[PDB]
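These notes are about the structure you will find just below.
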Amino acid sequence: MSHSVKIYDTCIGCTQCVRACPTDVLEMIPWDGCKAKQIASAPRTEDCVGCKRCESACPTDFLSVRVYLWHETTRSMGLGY
Amino acid sequence: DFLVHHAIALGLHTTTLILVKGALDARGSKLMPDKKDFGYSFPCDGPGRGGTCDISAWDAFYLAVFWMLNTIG
Amino acid sequence: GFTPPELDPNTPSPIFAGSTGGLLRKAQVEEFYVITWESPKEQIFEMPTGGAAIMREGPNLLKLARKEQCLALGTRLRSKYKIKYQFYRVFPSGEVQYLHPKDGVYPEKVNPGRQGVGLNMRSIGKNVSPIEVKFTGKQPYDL
Amino acid sequence: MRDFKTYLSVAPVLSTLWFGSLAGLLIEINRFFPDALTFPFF
Amino acid sequence: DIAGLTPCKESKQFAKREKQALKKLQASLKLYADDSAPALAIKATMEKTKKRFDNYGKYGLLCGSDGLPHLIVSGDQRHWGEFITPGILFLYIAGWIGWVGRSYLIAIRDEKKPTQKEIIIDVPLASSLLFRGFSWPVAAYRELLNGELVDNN
Amino acid sequence: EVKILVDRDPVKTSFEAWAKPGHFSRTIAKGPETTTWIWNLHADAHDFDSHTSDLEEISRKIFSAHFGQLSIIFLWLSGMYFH
Amino acid sequence: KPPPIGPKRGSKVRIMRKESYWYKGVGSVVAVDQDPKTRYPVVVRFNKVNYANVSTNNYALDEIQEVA
Ligand code: CLA
Ligand SMILES: CC1=C(/C=C/C(C)=C/C=C/C(C)=C\C=C\C=C(C)\C=C\C=C(C)\C=C\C2=C(C)CCCC2(C)C)C(C)(C)CCC1
Ligand code: SF4
Ligand code: SF4
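Protein chains in written order, with the deposited numbering: chain c, 1 to 81; chain b, 516 to 588; chain d, 70 to 212; chain j, 1 to 42; chain f, 78 to 230; chain a, 9 to 91; chain e, 58 to 125.
Right under this line is the structure:
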């Protein structure tokens with residue numbers, strides 16, 4: 001019951017996906033598949049709203065972070081009431 | 516009759532263009548290579564990559580319904 | 070081994086004159102978020118619920134209705150006033166969940182000890198076609 | 001003068017000059033050869 | 078008499094339409110003195126209408142039952158000047174424009190910043206390439222024969 | 009204190025800025041990469057608050073744009089009186 | 058003795074990546090990462106910008122095709 005945020009191995013290591021998140025879904029974890037020695041991860045997709053700001057800042061040829069809209073809750077529908 | 520039949524042909528060709536474009540770009544395009552993972556009907560892919568409103572094949576059907584109505588009219 | 074800082078209920082609140090954008094019934098039947106920071110100087114900031122408040126010197130506690138409001142306020146505090154901030158989630162049962170820095174370090178910068186969730190060891194175009202996942206609960210991106 | 005000629009080479013100014021010349025040519029042709037429905041020269 | 082259409086020079090309804098046009102113009106003319114500028118303009122309009130109707134009659138156009146000329150585009154040699162000859166002229170001019178544009182785009186293709194040559198047109202090269210479209214059919218046919226018209230990507 | 013405060017010759021009259029489209033801002037003066045730039049060039053043309061952060065230049069541009077508008081209005085009035 | 062892997066820098070390469078904006082396009086190699094753990098070492102720069110206004114990308118060896 002949350003939007004599905006997936007990280008692929010084409011991630012360069014730029015933290016812009018994490019800095020562009022308004023609900024603290026993504027974080028940076030260590031890795032070894034790129035020069036930056038880090039990759040993004042989505043452990044808190046239960047708070048994901050689906051704004052897709054994270055994949056609006058991904059600089060690869062296609063998005064290494066992908067948000068698939070899914071079952072919606074009160075915190076996934078952006079409801080303050 | 517000639518003019519209205521050519522307008523009819525225009526309507527048929529345009530509606531076919533919309534529907535065929537939706538059917539053939541349903542699985543993906545250069546803007547959204549993984550459209551098949553998002554199902555038939557989804558709203559958009561966000562404002563990134565310039566904007567992605569009406570990018571699904573369902574939206575192609577929705578746009579082509581107007582042209583079909585105009586042609587039958 | 071980073072331990073989460075405990076919530077202090079006796080923390081004073083910023084000087085605010087009241088707004089209609091605050092808490093609602095969702096704060097009672099469901100959860101509501103609480104952001105705590107430490108202002109080194111008594112200044113004035115802009116609330117995410119509309120209007121302006123006056124934070125007091127020392128520790129400050131503010132209750133909001135959404136996590137996005139807490140994160141937006143914290144980003145404003147960090148960028149404009151350079152204040153360390155932590156926010157929690159409070160349930161009607163009284164449970165408190167320490168939310169934002171899960172290891173004490175900001176998520177933008179790398180920190181050891183974090184586990185990968187939602188990591189796919191392939192390019193995005195190598196996803197399995199939907200016809201191969203039909204009549205099964207598994208989605209192409211979940212494989 | 002080079003900058004002014006570069007400005008004259010920009011898209012709207014050049015398009016305006018070209019389309020004004022074309023419109024003037026078409027208008028003069030329509031004055032001197034009015035009400036043309038067929039091509040009767042051959 | 079193709080498709081049951083009388084020629085415009087032997088059509089009673091064509092002359093009737095000319096009569097209505099001239100009658101309306103004379104009714105407008107009656108409001109002014111003959112030596113005035115509006116009267117001269119109306120008289121010039123009437124003379125233009127008479128010349129137009131005479132030319133339409135003498136051009137060989139086939140007039141329908143409503144008194145209006147009907148174009149035949151089936152390719153009949155009596156009516157090649159209605160569609161086929163203007164169509165050939167239009168195709169020549171459009172091929173000229175397209176060939177000149179394609180030549181200009183090809184010429185500025187291998188530059189440092191080609192887009193700067195699109196917002197700001199480089200006039201000497203464009204004027205050099207303007208007359209290259211005069212022989213556009215020959216150049217296009219040879220380029221198609223040498224396999225230079227298409228790009229195999 | 010209310011005097012005539014005027015600086016002499018702040019902007020050089022030249023056609024160099026005419027030859028370069030979109031000179032007013034930075035993200036646009038780099039040159040067109042796509043067609044959208046052209047539309048942007050007609051969208052930020054009179055947004056003086058985004059070109060510079062100084063109120064003085066913005067106010068001067070506003071004053072001269074008002075003068076140009078008044079000139080256009082006077083030209084239109086002259087046209088109506090002539091016609 | 059270990060030779061550098063990947064194409065020489067400055068050479069032209071085809072992409073052959075179905076999800077890429079430059080799938081059939083040709084780019085120029087600007088750098089190749091010699092770390093064997095790097096999954097996409099071949100840095101390619103293209104003349105045209107994509108929909109994200111980015112003209113550079115990283116590709117792997119199998120998604121690289123030399124041209125003459
Ligand atoms: C009593 C003299 C006076 C007059 C007549 C005006 C009149 C005007 N001012 Mg104001 N203004 C004044 C004093 C004056 N101002 C002072 C002292 C200041 C500084 C505190 C300002 C600050 C100011 C600003 C910042 C702006 C204006 C604008 C305008 C115009 C807007 C109204 C409109 O267009 O109606 C139509 C009115 C007319 C056409 C009627 C005739 C008025 C004549 C043409 C004006 C000559 C007046 C001028 C002050 C004296 C000449 C100076 C000398 C060296 C030649 C108008 C021309 C706005 C504008 O449009 O600027 C271009 C604008 O942006 N004014
Ligand atoms: C006789 C006639 C007719 C008919 C016709 C027809 C039927 C036709 C067809 C046609 C066709 C069926 C065609 C096809 C084609 C194909 C293709 C394939 C094409 C291509 C093209 C191109 C390639 C071009 C190019 C170019 C040029 C050259 C120039 C300009 C630019 C460009 C680049 C565009 C009618 C009856 C109507 C009328 C009378 C006459
Ligand atoms: S997910 Fe996007 S922002 Fe994050 S490292 Fe990968 S490419 Fe960079
Ligand atoms: S869609 Fe929005 S909330 Fe969800 S991970 Fe991306 S940036 Fe964060």
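Where is the CB? At the ideal position from N, CA and C, for every residue including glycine.
Next item on the list: Could you pull the start and end residues of the alpha helix (DSSP H) that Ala-575 of chain b belongs to?
Entry: One-based indexing of the second sequence puts residue 575 of chain b at position 60. DSSP places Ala-575 of chain b inside the alpha helix (DSSP H), whose first and last residues are 572–587.
Item checked: Given 8 Å, three or more beta-carbon pairs between the segment 95–115 of chain e and the segment 9–22 of chain c -> At 8 Å Cβ cutoff, the stretches touch.
Item checked: Below-8 Å beta-carbon distance, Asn-189 of chain d vs any chain b residue -> Mapped onto the third sequence, residue 189 of chain d falls at position 120. Judged by the 8 Å Cβ criterion, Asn-189 of chain d is not in contact with chain b.
Checklist line | Where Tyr-102 of chain d falls: helix, strand or coil (DSSP) | finding: Numbered from 1 along the third sequence, position 33 holds the residue referred to as residue 102 of chain d. It is a strand residue.
Check: Based on the DSSP secondary-structure assignment, which residues constitute the bridge partners of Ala-122 of chain d?
Finding: Taking the first residue of the third sequence as 1, we reach residue 122 of chain d at position 53. Beta-bridge pairing by DSSP links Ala-122 of chain d to d:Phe-114.
Note to self: With a threshold of 8 Å between beta carbons, is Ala-109 of chain e in contact with chain b?
What the structure shows: Here residue 109 of chain e is taken as the residue at index 52 of the seventh sequence, counted from 1. Any Cβ of chain b closer than 8 Å to the Cβ of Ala-109 of chain e would place that residue at the interface, and such an atom is present.
Checklist line | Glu-64 of chain a: first and last residue of the uninterrupted alpha helix (DSSP H) it sits in | finding: Counting from one through the sixth sequence, the residue named residue 64 of chain a turns up at place 56. Here the alpha helix (DSSP H) through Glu-64 of chain a covers 63–90.
Notebook entry, point to check: Ends of the alpha helix (DSSP H) at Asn-30 of chain j?
Noted result: In the fourth sequence, counting from the first residue as 1, residue 30 of chain j sits at position 30. Segment 11–32, the alpha helix (DSSP H) holding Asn-30 of chain j.
Notebook entry, point to check: Which of helix, strand or coil does DSSP assign to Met-28 of chain c?
Noted result: Mapped onto the first sequence, residue 28 of chain c falls at position 28. In the three-state reduction of the DSSP assignment, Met-28 of chain c falls in the strand class.
Margin query: Tell me which residue opens and which closes the beta strand (DSSP E) that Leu-131 of chain d is part of.
Written below: In the third sequence, counting from the first residue as 1, residue 131 of chain d sits at position 62. For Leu-131 of chain d, the enclosing beta strand (DSSP E) covers residues 127–133.
Notebook entry, point to check: Within the 8 Å Cβ cut-off, does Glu-76 of chain e reach chain b?
Noted result: Taking the seventh sequence and counting its residues from 1, the one referred to as residue 76 of chain e is at position 19. It does; some Cβ of chain b falls within 8 Å.
Checklist line | Integer-rounded CB distance, given that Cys-54 of chain c should sit under 8 Å from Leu-26 of chain c | finding: Reading the first sequence from its first residue, position 26 is the one you call residue 26 of chain c. Reading the first sequence from its first residue, position 54 is the one you call residue 54 of chain c. Taking 8 Å as the upper bound for CB-CB distance, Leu-26 of chain c and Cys-54 of chain c are in contact here, some 6 Å apart.
Check: From which residue to which residue does the beta strand (DSSP E) around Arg-102 of chain e run?
Finding: Working through the seventh sequence from its first residue, we reach residue 102 of chain e at position 45. In the DSSP assignment, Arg-102 of chain e falls within the beta strand (DSSP E) that extends over 99–102.
Notebook entry, point to check: Does any heavy atom of ligand 1 sit closer than 7 Å to the C-beta of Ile-70 of chain a?
Noted result: Your numbering for residue 70 of chain a matches position 62 in the sixth sequence. Yes, since a heavy atom of ligand 1 falls inside the 7 Å radius drawn around the Cβ of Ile-70 of chain a.
Note to self: Taking the straight line between their C-alpha atoms, what separation do you get for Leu-222 of chain f and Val-49 of chain c?
What the structure shows: Against the fifth sequence, residue 222 of chain f aligns to sequence position 145. Against the first sequence, residue 49 of chain c aligns to sequence position 49. Each residue's alpha carbon lies about 58 Å from the other.
Item checked: Any residue whose CB is nearer than 6 Å to a heavy atom belonging to ligand 4, listed in chain order -> The answer, residue by residue, is c:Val-5, c:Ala-20, c:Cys-21, c:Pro-22, c:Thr-23, c:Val-25, c:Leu-26, c:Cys-48, c:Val-49, c:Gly-50, c:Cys-51, c:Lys-52, c:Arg-53, c:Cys-54, c:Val-67.
Next item on the list: Determine the closest residue to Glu-115 of chain d out of d:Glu-75, d:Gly-173, d:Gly-206, d:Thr-144, with distance taken between C-alpha atoms.
Entry: Position 46 of the third sequence holds residue 115 of chain d. Measuring from the Cα of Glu-115 of chain d, the nearest candidate turns out to be d:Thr-144.
Margin query: In this structure, how does DSSP classify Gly-543 of chain b when only helix, strand and coil are distinguished?
Written below: Within the second sequence, numbered from 1, the residue matching residue 543 of chain b stands at position 28. DSSP places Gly-543 of chain b in coil when its eight states are reduced to three.
Margin query: By the DSSP assignment, the alpha helix (DSSP H) with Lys-136 of chain d in it spans what residues?
Written below: Your numbering for residue 136 of chain d matches position 67 in the third sequence. Where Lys-136 of chain d is concerned, the enclosing alpha helix (DSSP H) starts and stops at 136–145.
Note to self: Please report the straight-line C-alpha distance between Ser-68 of chain e and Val-89 of chain e, rounded to a whole angstrom.
What the structure shows: For the purposes of this step, residue 68 of chain e is taken as the residue at position 11 of the seventh sequence. For the purposes of this step, residue 89 of chain e is taken as the residue at position 32 of the seventh sequence. Going by the C-alpha atoms only, they are around 12 Å apart.
Note to self: Taking CB distances under 8 Å as the criterion, tell me whether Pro-548 of chain b reaches chain e.
What the structure shows: Against the second sequence, residue 548 of chain b aligns to sequence position 33. By this cut-off, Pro-548 of chain b is an interface position.
Item checked: C-beta neighbour in chain a for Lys-189 of chain f, strict 8 Å -> Position 112 of the fifth sequence, counted from the first residue, corresponds to residue 189 of chain f. For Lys-189 of chain f, the closest Cβ of chain a is not nearer than 8 Å.
Item checked: Where the alpha helix (DSSP H) containing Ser-204 of chain f begins and where it ends -> For this step, residue 204 of chain f is matched to residue 127 along the fifth sequence. Taken as a continuous stretch (DSSP letters only), the alpha helix (DSSP H) holding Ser-204 of chain f covers 200–207.
Check: Since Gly-84 of chain e is in the beta strand (DSSP E), which residue starts that stretch and which ends it?
Finding: Taking the seventh sequence and counting its residues from 1, one reaches residue 84 of chain e at position 27. From DSSP, the beta strand (DSSP E) with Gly-84 of chain e extends over 83–89.
Next item on the list: Give the residues of chain d in contact with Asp-560 of chain b, contact being defined as C-beta atoms less than 9 Å apart.
Entry: The count along the second sequence starts at 1 and reaches residue 560 of chain b at position 45. Under the 9 Å cutoff, chain d gives no residues; its nearest Cβ is about 13 Å from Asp-560 of chain b.
Next item on the list: Could you list which residues in chain a have their beta carbon closer than 7 Å to that of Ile-196 of chain f, in chain order?
Entry: Against the fifth sequence, residue 196 of chain f aligns to sequence position 119. Around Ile-196 of chain f, the beta-carbon contacts reaching into chain a at under 7 Å are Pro-29, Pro-40.
Margin query: In whole angstroms, give me the CA-to-CA distance for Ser-58 of chain a and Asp-52 of chain a.
Written below: Taking the first residue of the sixth sequence as 1, we reach residue 58 of chain a at position 50. Taking the first residue of the sixth sequence as 1, we reach residue 52 of chain a at position 44. Taking the straight line joining both Cα atoms gives about 8 Å.
Next item on the list: Quick one: list the residues of chain e neighbouring residue 87 of chain c, beta-carbon separation under 8 Å, in chain order.
Entry: A question about residue 87 of chain c goes unanswered here, because the residues of chain c that appear run from 1 up to 81.
Check: What residues in its chain sit with their C-beta under 7 Å from that of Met-123 of chain f, if we drop five residues either side in the sequence?
Finding: Numbered from its first residue, the fifth sequence carries residue 123 of chain f at position 46. So the list reads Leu-99, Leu-102, once near-sequence residues are dropped.
Next item on the list: Consider the Cβ of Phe-4 of chain j: report whether some Cβ of chain a lies at a distance smaller than 8 Å.
Entry: To locate residue 4 of chain j, count along the fourth sequence from 1; it is residue 4. Cβ-Cβ to chain a under 8 Å: yes for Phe-4 of chain j.
Next item on the list: Tell me, please, whether the CB atom of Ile-193 of chain d is closer than 8 Å to any CB atom in chain e?
Entry: Your numbering for residue 193 of chain d matches position 124 in the third sequence. Closer than 8 Å: yes.
Item checked: Amino acids of chain e, ordered along the chain, whose beta-carbon sits closer than 7 Å to that of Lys-545 of chain b -> Looking up residue 545 of chain b in the second sequence gives position 30. Using a Cβ-Cβ cut-off of 7 Å, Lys-545 of chain b is close to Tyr-78 of chain e, given in chain order.
Notebook entry, point to check: Among all the DSSP beta bridges, which residues are the ones paired with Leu-139 of chain f?
Noted result: The sequence position of residue 139 of chain f within the fifth sequence is 62, counting from 1. Paired residue(s): f:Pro-84, f:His-147.
Next item on the list: Check the C-beta distance from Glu-100 of chain d over to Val-159 of chain d and give it rounded, since I have them as a contact under 8 Å.
Entry: Taking the first residue of the third sequence as position 1, residue 100 of chain d is located at position 31. Taking the first residue of the third sequence as position 1, residue 159 of chain d is located at position 90. About 6 Å separates the two Cβ atoms, so the contact holds.
Next item on the list: Give the straight-line distance between the Cα atoms of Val-65 of chain c and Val-5 of chain c, rounded to the nearest whole angstrom.
Entry: As a working note, residue 65 of chain c is residue 65 in the first sequence. As a working note, residue 5 of chain c is residue 5 in the first sequence. In this structure, the straight-line span from the alpha carbon of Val-65 of chain c to that of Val-5 of chain c is close to 7 Å.
Check: How long is the line joining the alpha carbons of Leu-168 of chain f and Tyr-218 of chain f, rounded to whole angstroms?
Finding: Position 91 of the fifth sequence holds residue 168 of chain f. Position 141 of the fifth sequence holds residue 218 of chain f. Using only the alpha carbons, I get a separation of about 15 Å.
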